[PDB]
Each structure stands twice: as structure tokens, then as C-alpha cells.
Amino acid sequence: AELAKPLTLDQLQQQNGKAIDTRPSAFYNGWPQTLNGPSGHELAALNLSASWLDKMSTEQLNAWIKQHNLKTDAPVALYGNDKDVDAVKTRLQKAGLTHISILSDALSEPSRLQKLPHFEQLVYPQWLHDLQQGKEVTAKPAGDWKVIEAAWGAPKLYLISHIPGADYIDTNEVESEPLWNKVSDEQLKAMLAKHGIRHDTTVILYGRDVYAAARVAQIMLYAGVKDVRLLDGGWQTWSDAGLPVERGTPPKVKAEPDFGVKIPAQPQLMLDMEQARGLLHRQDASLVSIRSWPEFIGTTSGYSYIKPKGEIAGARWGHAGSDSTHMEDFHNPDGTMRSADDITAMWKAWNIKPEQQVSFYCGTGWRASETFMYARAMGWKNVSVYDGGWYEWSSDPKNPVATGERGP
């Protein structure tokens, strides 16, 4: 049951092996474990956090092994803390892998590590707690910062428990009837003022569901908030970390009546219907459906208030989740963002590529916003959300619709 012979990264490469980073994804993504410490993962490494194992069945681990092209007998070299490495070793042995070593020089050359181009946009619980406690942290906000819980409607779960010092935003403050598109620039200006946000205020959003926070975030980026971040995995990661909480009604926030730039500062982050239409049938652009497969093939609209079924003709499938309110294809077993390499591969399979102008949509914009935030953190330079989505598109029967089982 012991590890095979240790391998350096160069040895591993010359033997066509794979490295596996057993740390939580925050560190894999680039967050250092200590200030000014190593940032990222070894080249081409996979992330298999030991903390996920109690939420991964045999089938799920077998699926993961298959999805990552791990050959039964090819060398795998693990790194991370000793306990996590042992835990992962044991599961991989029981899964059938026959050549499991330690990566002997792992993290010893900080210069050779790989990270998310903007990992600092996807924060994690300890970081936020340390920030709140006045400690020095990596990628600290330049100045003022706010933490905000986002959800639909008046505060519910927030009243019972929330992150200390967090404000609350009802998603109905940023979008409305009749199409569930974002509110006007003037209404956004009012919302920003009321929640004490200037263009140079860092905003960290979280939700019980990530997509609620992402929706608010993407609309803030459009408006012109420069530094907008998400808590990766949302509230549940804070809860599971055992960190302190607060309760009750949202505290009074000092208003900021002057945003400091003209809204919207980043209008290119949102597309309208005609702009979205313009991305279709191209190799240098993709209009990407973040809808469940039953929605993509036209079995269900995904929404009680959307009668038309089908998909935008020419739209490429971006993956999503099991139904219209889930996003499993983008999440690790702990709810955090799946590795950039894996997201990249699933998009590449549908001809969605970083050099393209890429716009994401869904029924009304929430799931598309989550993918927008991930692509932004991944360094994709030309991404947006087509706000109207299927609700708008299908409101006109003349707009071309695709239906049924089909492929790239």
C-alpha cells in the first residue's frame, strides 16, 4: 500500500505521467497557502482534493479518472499535505491505478507553477475571514470593500445566519419584469448608491446559490464596479469551514451618492438580441447556451412562465446542470468551480474557444452569469452575457429555433 518510487516533475514528464494536486481548489487555482508563497499548481496537474473524497462515490471517482485520461498503469505523482496525499493515494489504489508516487519536488520552484489568470476574483472562506479581521491577505482590495449576500426576494436564510459584516441584495433590485433583464442604468445607479458601492469599492458577493451572486456581479461589472469577486462555492463553503456568523436584519449601510464614473463603464459585457444574433454561424464567435440538456433539445422550456420550447438556432451548448436551477457541470463535489482545464475542454468540444467573442445566455441570465464569472477568472478576454436569452428570443416566433438531439 506504500507509494511507488518518488518522481521529480522532469522525471514524471519524461515518463508520460500525470501530477495530482490534493489540496483544495483555492490553492490549485493560485491562492498561496501563506503570504507571498507559491501560487498555483504544477504544469498539467489535475486537482483531486482530499476534502472531496467523502462526497465522491466509486462511480464518481471512476468517472473522474476516465474524464481525465488517466491510464491504469501510467505514473501518477501526488502532492500536497501528507495526510491528504495518503487519503487520495488510498482511494486511487482502490480505483485500480497501479503506479502512484509522490511528486518529490512539488511546489519547490514557484516560478514554474500555473494558475488562473485572475484567481483572486474567486475568493475562499479563510481569505474573507482574514480580510474582515484586519489581517494582511493576498490580493487585498485596493481600498474600500463590501461583502454582500445575494438571493431572490427579501432576506430569508440571511436572517438566520450570514457572513459577518455582509449586506444583502435582493436580485429583484437588479432585474425586473417583463423580460427579467437588468434594470435601467439609472436604477442601477440608485441601487449602487443605496448599498454604498462606488466604482472603486471592491465588492465580494456570495449566495446560497452561486448563480444569484454571479448575476448581481456581472451587472455590477457592466455598470462599472472595477473589482467584483465571488466567494467560490458560495455560502455552503463558509458554513462548512465553521467560521463565525451573524444574524438578523441587514445593518444600515452608508450610502454613496456619487459612483465616480458614468454608468455604464463596461457596456460590452452585456449583449442585446441583435448583437447576440450577430455571433451565430461563425468560427470567431460563439453564442453559448448554459441550459440543461432537456432545455437544449426542447423537451422543456425550463421555466413555468416560458411557454416556448427549443433553443436558439446556431447556439453552441456550454454545459450547465441537471435542470434549470442547477449547475453541476461547473462544480466540484464541494460546490467550487471545476478546474479551468476541464471547463476549457468541455467548451472546446462544442467549438467554444477563448480567442472567440463569446456570449453566454440561458432562460433569463443567471446561469450565464456564473459562467461569465468563471470565464472572466479564466482570463477569457472577450466574454459577455446575452441578457434576454431564450425568454426574449422565443418571444418572437420568427426567430430561428433548433430542437431535438444534435451535436457540434
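When you see a residue number, it is the position in the sequence shown, counting from 1.
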>> Per the record, averaged over C-alpha atoms, which has the higher B-factor: 351-359 or 45-53?
In response: 351-359
> If you average the Cα B factors in the entry, which is higher, 394-402 or 9-17?
Replying inline: 394-402
> Highest Cα B-factor in the deposition, which of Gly335, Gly298, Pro125, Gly318?
Replying inline: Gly298
>> Take the CA temperature factors straight from the PDB entry and tell me which of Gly196, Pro178, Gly234, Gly80 peaks.
In response: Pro178
>> Could you place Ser184 in the lowest, middle or highest third of its chain by Cα temperature factor, using the values in the record?
In response: lowest
> So where's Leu205 on the chain's Cα temperature factor ranking, which third?
Replying inline: lowest
> For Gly224, does the deposited CA B-factor place it in the lowest, middle or highest third of the chain?
Replying inline: lowest
> Among the chain's modelled residues, which third holds the C-alpha B-factor of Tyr303?
Replying inline: highest
> Hey, what third does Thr171 fall into on Cα B-factor, ranked over its chain?
Replying inline: middle
